[PDB]
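Structure file run-v6.txt with compact mmCIF, N, CA and C atoms:
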# COMPACT_ATOMS: atom_id res chain seq x y z
N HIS A 1 -13.94 -13.11 2.67
CA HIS A 1 -14.42 -12.65 3.96
C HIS A 1 -13.26 -12.28 4.88
N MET A 2 -12.12 -12.94 4.68
CA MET A 2 -10.94 -12.68 5.49
C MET A 2 -10.56 -11.21 5.44
N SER A 3 -9.73 -10.79 6.39
CA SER A 3 -9.29 -9.39 6.46
C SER A 3 -7.77 -9.30 6.50
N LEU A 4 -7.25 -8.14 6.12
CA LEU A 4 -5.80 -7.92 6.11
C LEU A 4 -5.48 -6.45 6.38
N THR A 5 -4.80 -6.20 7.50
CA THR A 5 -4.43 -4.84 7.87
C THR A 5 -3.17 -4.39 7.12
N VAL A 6 -3.27 -3.25 6.45
CA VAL A 6 -2.14 -2.71 5.70
C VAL A 6 -1.51 -1.52 6.42
N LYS A 7 -0.25 -1.67 6.80
CA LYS A 7 0.48 -0.61 7.50
C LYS A 7 1.24 0.27 6.51
N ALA A 8 1.06 1.58 6.64
CA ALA A 8 1.74 2.53 5.76
C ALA A 8 2.73 3.38 6.54
N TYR A 9 3.85 3.70 5.91
CA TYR A 9 4.88 4.51 6.55
C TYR A 9 5.17 5.77 5.73
N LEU A 10 4.91 6.92 6.33
CA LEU A 10 5.14 8.20 5.66
C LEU A 10 6.61 8.61 5.76
N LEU A 11 7.17 9.06 4.64
CA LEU A 11 8.56 9.48 4.59
C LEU A 11 8.68 10.92 4.11
N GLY A 12 9.35 11.75 4.90
CA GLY A 12 9.52 13.15 4.53
C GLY A 12 10.74 13.37 3.66
N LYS A 13 11.66 14.21 4.14
CA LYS A 13 12.88 14.51 3.40
C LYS A 13 14.04 13.63 3.88
N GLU A 14 14.06 13.35 5.17
CA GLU A 14 15.11 12.52 5.76
C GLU A 14 14.66 11.07 5.88
N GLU A 15 13.68 10.69 5.06
CA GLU A 15 13.15 9.33 5.08
C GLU A 15 12.77 8.91 6.49
N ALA A 16 12.32 9.88 7.29
CA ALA A 16 11.92 9.61 8.66
C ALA A 16 10.40 9.45 8.78
N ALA A 17 9.97 8.49 9.58
CA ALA A 17 8.55 8.24 9.78
C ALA A 17 7.82 9.50 10.22
N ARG A 18 7.03 10.07 9.32
CA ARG A 18 6.28 11.28 9.61
C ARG A 18 4.95 10.95 10.29
N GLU A 19 4.19 10.05 9.67
CA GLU A 19 2.90 9.65 10.21
C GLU A 19 2.67 8.16 10.02
N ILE A 20 1.94 7.55 10.94
CA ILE A 20 1.65 6.12 10.88
C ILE A 20 0.15 5.86 10.98
N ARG A 21 -0.38 5.09 10.04
CA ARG A 21 -1.80 4.77 10.03
C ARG A 21 -2.05 3.41 9.36
N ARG A 22 -3.13 2.75 9.76
CA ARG A 22 -3.47 1.45 9.20
C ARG A 22 -4.96 1.37 8.88
N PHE A 23 -5.33 0.45 8.00
CA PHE A 23 -6.72 0.27 7.60
C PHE A 23 -7.02 -1.20 7.32
N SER A 24 -8.24 -1.62 7.65
CA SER A 24 -8.65 -3.00 7.43
C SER A 24 -9.01 -3.24 5.97
N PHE A 25 -8.39 -4.25 5.38
CA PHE A 25 -8.64 -4.59 3.98
C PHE A 25 -9.29 -5.96 3.85
N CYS A 26 -9.91 -6.22 2.71
CA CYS A 26 -10.57 -7.49 2.46
C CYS A 26 -9.67 -8.43 1.67
N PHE A 27 -9.70 -9.71 2.01
CA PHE A 27 -8.88 -10.71 1.33
C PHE A 27 -9.36 -10.91 -0.11
N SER A 28 -10.55 -10.40 -0.41
CA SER A 28 -11.12 -10.53 -1.74
C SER A 28 -10.22 -9.87 -2.78
N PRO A 29 -10.40 -10.25 -4.05
CA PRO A 29 -9.61 -9.71 -5.16
C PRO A 29 -9.95 -8.25 -5.45
N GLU A 30 -11.24 -7.94 -5.52
CA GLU A 30 -11.69 -6.58 -5.79
C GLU A 30 -13.03 -6.31 -5.11
N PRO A 31 -13.28 -5.02 -4.81
CA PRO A 31 -14.53 -4.60 -4.16
C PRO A 31 -15.74 -4.73 -5.08
N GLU A 32 -15.61 -4.23 -6.30
CA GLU A 32 -16.69 -4.30 -7.27
C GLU A 32 -16.30 -5.15 -8.47
N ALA A 33 -17.29 -5.54 -9.26
CA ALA A 33 -17.05 -6.36 -10.44
C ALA A 33 -17.44 -5.62 -11.72
N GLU A 34 -18.43 -4.75 -11.61
CA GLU A 34 -18.90 -3.98 -12.75
C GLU A 34 -18.21 -2.62 -12.81
N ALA A 35 -18.22 -1.91 -11.68
CA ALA A 35 -17.59 -0.60 -11.60
C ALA A 35 -16.11 -0.67 -11.93
N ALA A 36 -15.44 -1.69 -11.40
CA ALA A 36 -14.01 -1.88 -11.65
C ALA A 36 -13.70 -1.85 -13.14
N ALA A 37 -12.87 -0.89 -13.55
CA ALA A 37 -12.49 -0.75 -14.95
C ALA A 37 -11.03 -1.13 -15.16
N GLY A 38 -10.62 -2.25 -14.57
CA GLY A 38 -9.25 -2.70 -14.71
C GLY A 38 -8.59 -2.98 -13.37
N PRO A 39 -8.21 -1.91 -12.66
CA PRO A 39 -7.56 -2.02 -11.35
C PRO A 39 -8.52 -2.52 -10.27
N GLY A 40 -8.06 -2.49 -9.02
CA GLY A 40 -8.89 -2.94 -7.92
C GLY A 40 -8.23 -2.71 -6.57
N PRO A 41 -7.22 -3.53 -6.25
CA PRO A 41 -6.50 -3.44 -4.98
C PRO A 41 -5.63 -2.18 -4.91
N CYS A 42 -4.86 -1.94 -5.96
CA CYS A 42 -3.98 -0.78 -6.02
C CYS A 42 -4.78 0.52 -5.88
N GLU A 43 -5.76 0.69 -6.77
CA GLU A 43 -6.60 1.88 -6.75
C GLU A 43 -7.32 2.02 -5.41
N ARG A 44 -7.59 0.89 -4.76
CA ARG A 44 -8.27 0.88 -3.48
C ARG A 44 -7.33 1.35 -2.36
N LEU A 45 -6.17 0.72 -2.28
CA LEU A 45 -5.18 1.06 -1.26
C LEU A 45 -4.72 2.51 -1.41
N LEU A 46 -4.34 2.87 -2.63
CA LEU A 46 -3.88 4.23 -2.91
C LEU A 46 -4.94 5.25 -2.54
N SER A 47 -6.19 4.81 -2.49
CA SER A 47 -7.30 5.69 -2.15
C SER A 47 -7.31 6.00 -0.66
N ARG A 48 -7.09 4.97 0.16
CA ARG A 48 -7.07 5.14 1.61
C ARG A 48 -5.86 5.94 2.05
N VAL A 49 -4.68 5.53 1.58
CA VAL A 49 -3.44 6.22 1.92
C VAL A 49 -3.57 7.72 1.71
N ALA A 50 -4.36 8.11 0.72
CA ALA A 50 -4.57 9.52 0.42
C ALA A 50 -5.37 10.21 1.52
N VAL A 51 -6.52 9.63 1.85
CA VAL A 51 -7.39 10.19 2.89
C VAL A 51 -6.76 10.02 4.27
N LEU A 52 -5.86 9.06 4.39
CA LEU A 52 -5.18 8.79 5.66
C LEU A 52 -3.96 9.69 5.83
N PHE A 53 -3.30 9.99 4.72
CA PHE A 53 -2.11 10.84 4.74
C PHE A 53 -2.35 12.12 3.95
N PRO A 54 -3.20 13.01 4.49
CA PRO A 54 -3.53 14.28 3.85
C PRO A 54 -2.36 15.26 3.86
N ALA A 55 -1.31 14.91 4.60
CA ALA A 55 -0.12 15.75 4.69
C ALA A 55 0.45 16.03 3.31
N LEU A 56 0.18 15.14 2.36
CA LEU A 56 0.68 15.30 1.00
C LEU A 56 -0.48 15.31 0.00
N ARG A 57 -0.14 15.34 -1.29
CA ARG A 57 -1.15 15.35 -2.34
C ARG A 57 -2.04 14.12 -2.25
N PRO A 58 -3.25 14.22 -2.84
CA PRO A 58 -4.22 13.13 -2.83
C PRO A 58 -3.78 11.96 -3.71
N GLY A 59 -3.37 12.26 -4.94
CA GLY A 59 -2.94 11.23 -5.86
C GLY A 59 -1.54 11.48 -6.39
N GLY A 60 -0.80 12.37 -5.72
CA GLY A 60 0.55 12.68 -6.15
C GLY A 60 1.60 12.01 -5.29
N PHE A 61 1.49 10.70 -5.15
CA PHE A 61 2.44 9.93 -4.34
C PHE A 61 2.61 8.52 -4.89
N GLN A 62 3.72 7.89 -4.54
CA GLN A 62 4.01 6.53 -5.00
C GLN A 62 4.36 5.62 -3.83
N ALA A 63 3.66 4.49 -3.74
CA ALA A 63 3.90 3.54 -2.66
C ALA A 63 4.98 2.53 -3.06
N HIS A 64 6.04 2.47 -2.26
CA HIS A 64 7.14 1.55 -2.53
C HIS A 64 7.11 0.37 -1.56
N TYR A 65 7.24 -0.83 -2.09
CA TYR A 65 7.23 -2.04 -1.27
C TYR A 65 8.56 -2.77 -1.35
N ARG A 66 8.97 -3.37 -0.24
CA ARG A 66 10.23 -4.10 -0.18
C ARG A 66 10.11 -5.45 -0.89
N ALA A 67 11.17 -5.84 -1.60
CA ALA A 67 11.18 -7.10 -2.32
C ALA A 67 12.04 -8.13 -1.60
N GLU A 68 12.22 -9.29 -2.23
CA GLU A 68 13.02 -10.36 -1.65
C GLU A 68 14.41 -9.86 -1.27
N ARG A 69 14.90 -8.87 -2.02
CA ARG A 69 16.22 -8.29 -1.77
C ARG A 69 16.14 -7.20 -0.71
N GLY A 70 14.97 -6.59 -0.58
CA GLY A 70 14.78 -5.53 0.40
C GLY A 70 14.63 -4.16 -0.24
N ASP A 71 15.17 -4.02 -1.45
CA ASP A 71 15.09 -2.75 -2.17
C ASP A 71 13.64 -2.28 -2.29
N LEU A 72 13.47 -0.99 -2.56
CA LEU A 72 12.14 -0.41 -2.69
C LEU A 72 11.67 -0.45 -4.14
N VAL A 73 10.43 -0.88 -4.35
CA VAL A 73 9.86 -0.96 -5.69
C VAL A 73 8.51 -0.25 -5.76
N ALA A 74 8.51 0.96 -6.30
CA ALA A 74 7.29 1.74 -6.42
C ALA A 74 6.24 0.99 -7.24
N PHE A 75 5.23 0.47 -6.55
CA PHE A 75 4.16 -0.27 -7.21
C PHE A 75 2.98 0.64 -7.52
N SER A 76 2.23 0.30 -8.57
CA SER A 76 1.08 1.09 -8.98
C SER A 76 0.16 0.27 -9.88
N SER A 77 0.13 -1.04 -9.66
CA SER A 77 -0.71 -1.93 -10.45
C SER A 77 -1.16 -3.13 -9.63
N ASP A 78 -2.40 -3.55 -9.83
CA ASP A 78 -2.96 -4.69 -9.11
C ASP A 78 -2.04 -5.90 -9.21
N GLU A 79 -1.54 -6.15 -10.42
CA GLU A 79 -0.65 -7.29 -10.66
C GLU A 79 0.56 -7.23 -9.72
N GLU A 80 0.93 -6.02 -9.31
CA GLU A 80 2.07 -5.83 -8.42
C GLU A 80 1.67 -6.11 -6.97
N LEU A 81 0.42 -5.83 -6.64
CA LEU A 81 -0.08 -6.05 -5.29
C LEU A 81 -0.14 -7.54 -4.97
N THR A 82 -0.77 -8.31 -5.85
CA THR A 82 -0.89 -9.75 -5.65
C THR A 82 0.46 -10.38 -5.38
N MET A 83 1.52 -9.77 -5.90
CA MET A 83 2.87 -10.27 -5.71
C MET A 83 3.44 -9.81 -4.38
N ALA A 84 3.17 -8.56 -4.03
CA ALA A 84 3.66 -8.00 -2.77
C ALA A 84 3.17 -8.81 -1.58
N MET A 85 1.91 -9.23 -1.63
CA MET A 85 1.33 -10.02 -0.55
C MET A 85 1.95 -11.41 -0.50
N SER A 86 2.52 -11.85 -1.62
CA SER A 86 3.15 -13.16 -1.70
C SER A 86 4.38 -13.23 -0.80
N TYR A 87 4.96 -12.07 -0.52
CA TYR A 87 6.15 -12.00 0.32
C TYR A 87 5.78 -12.16 1.79
N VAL A 88 4.84 -11.35 2.26
CA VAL A 88 4.40 -11.41 3.65
C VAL A 88 3.57 -12.66 3.91
N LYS A 89 3.95 -13.42 4.93
CA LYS A 89 3.24 -14.64 5.29
C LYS A 89 2.11 -14.35 6.27
N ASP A 90 2.27 -13.28 7.05
CA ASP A 90 1.25 -12.90 8.02
C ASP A 90 0.12 -12.13 7.35
N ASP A 91 -0.78 -11.58 8.16
CA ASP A 91 -1.91 -10.82 7.64
C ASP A 91 -1.64 -9.32 7.72
N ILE A 92 -0.36 -8.95 7.71
CA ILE A 92 0.03 -7.55 7.78
C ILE A 92 0.86 -7.16 6.56
N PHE A 93 0.36 -6.20 5.79
CA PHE A 93 1.06 -5.73 4.60
C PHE A 93 1.69 -4.37 4.84
N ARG A 94 3.02 -4.35 4.94
CA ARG A 94 3.75 -3.11 5.18
C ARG A 94 4.20 -2.48 3.86
N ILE A 95 4.12 -1.16 3.78
CA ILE A 95 4.52 -0.44 2.58
C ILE A 95 5.09 0.93 2.92
N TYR A 96 5.95 1.45 2.05
CA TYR A 96 6.56 2.75 2.26
C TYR A 96 5.89 3.81 1.39
N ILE A 97 5.21 4.75 2.03
CA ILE A 97 4.53 5.83 1.31
C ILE A 97 5.45 7.02 1.11
N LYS A 98 5.45 7.56 -0.11
CA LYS A 98 6.28 8.71 -0.44
C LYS A 98 5.56 9.65 -1.40
N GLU A 99 5.49 10.92 -1.03
CA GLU A 99 4.83 11.92 -1.86
C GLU A 99 5.73 12.37 -3.01
N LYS A 100 5.17 12.44 -4.21
CA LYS A 100 5.92 12.85 -5.39
C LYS A 100 6.29 14.32 -5.31
Could you spell out this file's structure in structure tokens?
Amino acid sequence: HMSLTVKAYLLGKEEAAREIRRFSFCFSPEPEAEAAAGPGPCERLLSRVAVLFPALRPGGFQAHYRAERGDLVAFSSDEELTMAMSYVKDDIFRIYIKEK
């Protein structure tokens, strides 16, 4: 039932913030149980970022998240999401959006 706002940062050519948008997410593991054919959180988030950041391709982009070291790690799997949230202690998940 809990909620979690995910902040996305658009990066152009000079890695400069192009557009900023956020969306309310559910603390749940996945939206569906039958429809879900493997993924869940990743496919869900990547879905919003697309409709939220129409400036680039719909599915032609990779979301990079900062790690314990700070470096960027292009994630694209639910297993990677569950870990990304492990870093942030608050209810805000920040990520770096980049169009392929």
message = Quick one: residues within 8 Å of residue A:31, only N, CA and C atoms, excluding same-chain residues fewer than 5 positions away - as a count of residues only?
response = 5
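Closest approach to residue A:7 from the set A:100, A:21, A:64, A:48 is made by A:21, with distances taken over only C-alpha atoms.
The gap separating atom N of residue A:23 from atom N of residue A:92 is 10.6 Å, in Å to one decimal.
Distance check against residue A:96 using all atoms listed in the file: of A:8, A:18, A:81, A:55, the minimum falls on A:8.
When atom C of residue A:72 is paired with atom CA of residue A:52, their separation reads 21.6 Å.
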inquiry  = According to DSSP computed on the backbone, where in chain A is there helix (DSSP H, G or I)? Give the residues as number ranges by chain.
reply    = A: 41-52, 78-87
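Considering the residues A:77, A:60, A:70, A:93 and counting only C-alpha atoms, residue A:22 has its shortest atom-to-atom contact with A:93.
Computed from the coordinates, the atom C of residue A:9 to atom C of residue A:94 distance equals 8.5 Å.
The shortest atom-to-atom distance to residue A:65, with only C-alpha atoms taken into account, belongs to A:6 out of A:6, A:35, A:51, A:20.
Using only N, CA and C atoms for every distance, the candidate list A:50, A:14, A:42, A:28 yields A:42 as the residue closest to residue A:80.
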request  = Mind listing the strand (DSSP E) residues of chain A, per DSSP on the backbone, as a ChimeraX atom specification?
outcome  = /A:3-11,17-26,61-66,72-75,92-99
task = Find, counting only C-alpha atoms, the residue in A:16, A:26, A:78, A:54 that gets nearest to residue A:4.
result = A:26
Using the file's own x, y and z axes, so that the box edges lie along x, y and z, what centre and edge lengths in Å (one decimal) does a box around every listed atom of stretch 85-92 of chain A get when 5 Å is added on each side? Give it as lines of an AutoDock Vina configuration file.
center_x = 2.1
center_y = -10.9
center_z = 3.2
size_x = 18.1
size_y = 17.5
size_z = 19.9
